[PDB]
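**Q** just the first chains of my complex for now:
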Amino acid sequence: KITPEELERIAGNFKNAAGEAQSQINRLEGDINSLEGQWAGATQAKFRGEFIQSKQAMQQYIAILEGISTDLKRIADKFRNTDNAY
């Protein structure tokens, strides 16, 4: 059943997912960075460029998840103020 508590739980799932996603992109960025100076510059340019594209996608993703979490919490508060009318 949808309750304010359930909406808040799902909001937490979205917020936690955004954090995991940011951590993941941070770890992978470190790997690409570590290759700098370890092979040809043109090869590094390719992987840095592709990584930056992945980073742009993840920036978009995180922003959307954070918005969903915020909006779910807003609706949960509305539910908490609508529920149990008497």
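**A** That came in fine, so what should we check first? Residues are numbered from 1 along each chain as shown, chains lettered A, B, ... in the order given.

**Q** okay, and residue A:37 sits in which element?
**A** Residue A:37 belongs to no helix or strand when assigned by DSSP states H and E.

**Q** run a quick neighbour tally on residue A:68.
**A** 17 (other CB atoms under 10 Å). Every C-beta, even on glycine, is put in place using the N, C-alpha and C of the backbone.

**Q** point to the residue nearest the middle of chain A.
**A** residue A:18 (2.4 Å; CA atoms, centre = their mean).

**Q** tell me which residues touch it, please.
**A** For residue A:18, the contacting residues are A:61, A:62, A:65, A:66, A:69, by CB atoms under 8 Å, 6 or more residues apart in numbering.

**Q** now for chain B, put it on the one above:
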Amino acid sequence: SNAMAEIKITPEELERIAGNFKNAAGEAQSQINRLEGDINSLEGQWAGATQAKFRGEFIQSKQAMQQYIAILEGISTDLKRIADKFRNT
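**A** So, slotting chain B in with the rest:
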């Protein structure tokens, strides 16, 4: 591989990093699936206009994730191809 001055990275190191990208792609797919299940669990349990708002935003996130996953898998594949290339020289 070894002889060329600017090739310093070993094939095994490239394969290690490739594994990180492959694993990240898998984790990312599992994540978007869990979150989709969450939005799905709300279907029909609140107003259609409310569900429509969240479904639309979620689908935007889902497309961003699809793009990301595709890029990560390409990076993993390419790193392994280059590791093979260096291992042969």
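
**Q** revisit the neighbour count of residue A:68 given that chain B is now included?
**A** If you count neighbours by other CB atoms under 10 Å in any protein chain shown, residue A:68 ends up with 26.

**Q** quick one: is the helix or strand it falls within near chain B?
**A** Secondary-structure assignment from DSSP H and E places residue A:68 in helix A:41-80. Yes. Helix A:41-80 comes into contact with chain B (CB under 8 Å from any CB of the partner chain), by way of A:41, A:43, A:46-47, A:50-51, A:53-54, A:57-58, A:60-61, A:64-65, A:67-68, A:71-72, A:75.

**Q** show me what that helix is packed against.
**A** helix A:4-34, helix B:48-87 (3 or more CB pairs under 8 Å, 6 or more residues apart in numbering or on different chains; DSSP states H and E).
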